[PDB]
């Protein structure tokens, strides 16, 4: 009944001929060939002759494909047909939704699943999915989530329902894993259950069930043909990106854009990786024609904002991230870009606003950024609350370890600080990051060493510091002060000279200098 799908009632089941057989084969092929004048004319004739509900259903298909939803509904709701046929009830309900009749949709479907194997998706499941589509449009988000999970519980093949839960961030990271774990993959195939489960794991978050995810990608990888799959590849690059392995990510992403140019799912990851890789030209190339090709997509205006980032036109980048997030308020990557552009230009509350709206979408990353922002504001309790929430998520990001280090440092836990900075430098070696920004971690390590009176370690790290970024007055001042401590006024002097030449007004440099003078 509603356990079956659309395949049960396909004309091709005849294979398991009358005039009404011929007409059905004919209308069916006309529909698959999208010759709709033809399918409507044959579909009308067969229906007139038989009055068969399955003929009514297929006739409404063509009206649906035509965009004639009002007409499909009318034909299906006129003769109690929605009551004689699960497929009709589904299709009528499908039309009411397309028509925005939310209340009438629920009248066919019922507010709860009323029903609680042919190769298709159980119509019971599809109706649960539609039921969720309605509650979403009634903004009843609690019961949409719930009525979507019903769908997947009923037939694991209801990927539309799954796609809603995930791409609409309707669940926790754990909520999602918990769900694709408890599915009845026998509604796909008892044997080979594993195949479908692995496929679904490719969509879940990369950093909570690293064991199941690894066993999943491994099994899929052995299946010939799937190495060329975008979903598999896209998953691999998400993992890679979490590990800061940006060249690797970029090797994959790029392969995706050549072998399947029309999928735009890849861009936020490709754009983000190029920003870190500092490819202004690729970012100019890619955005320009994105604006030229897809002016309507939020993705393209994210690409434009990001270009203005590796070029430090912050007022402009803020302008196009603003545009990109007003187009699609649900587009996470754009609120991050937005937020960052405030951070850069010193506006804390606005960045924190954008950050916390960005966190709702999506991950250790937003909590990390919120954390970095309160630290700049000097709110150490809040900074720590966030960094900790971010560390519980993922403990292996060198940027997060730097921030924990700087918090430990600000509460004077020097030994824990040093531990954090040292691990941050371990992790960084394993990455494919640009190295000039990590000069800050080297200097941080030197500052912790300075505070524990261990001055020879401080000199080494501080020096490893400006090595990575040579145009830096503060580390010269840093180094100078460590020399005064080592009672070597002369080397402190040469270093204070270098930093005073770099920043001639420096108040601390100047005072610190007079004192070294012997």
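Residue numbers count along the first chain shown, from 1.
Gap check for residue 362 to residue 363: 1 to 3 deposited residues are absent from the model.
In the deposited entry, the stretch joining residue 116 to residue 117 is interrupted by 10 or more residues of the deposited sequence lacking coordinates. As recorded in the PDB entry, 479-487 is the stretch of 479-487 and 65-73 with the greater mean C-alpha temperature factor. The PDB entry reports B-factors from which the mean C-alpha value can be compared for 104-112 and 335-343; the larger average falls on 104-112.
Highest C-alpha temperature factor among 243, 157, 280, 420, as the PDB entry reports it: 280. Looking only at 17, 9, 501, 23, the residue with the top Cα B factor in the deposited structure is 501. Ranked by Cα temperature factor within the chain, residue 195 sits in the middle third according to the deposited record. Sort the chain's modelled residues by C-alpha temperature factor and residue 169 lands in the highest third, per the entry. Among the modelled residues of its chain, residue 55 has a C-alpha B-factor that falls in the lowest third, as given in the PDB entry. Residue 305 sits in the middle third of its chain by CA B factor, as recorded in the PDB entry.
Residue 403: CA B factor in the lowest third of modelled residues in this chain (values from the PDB entry).
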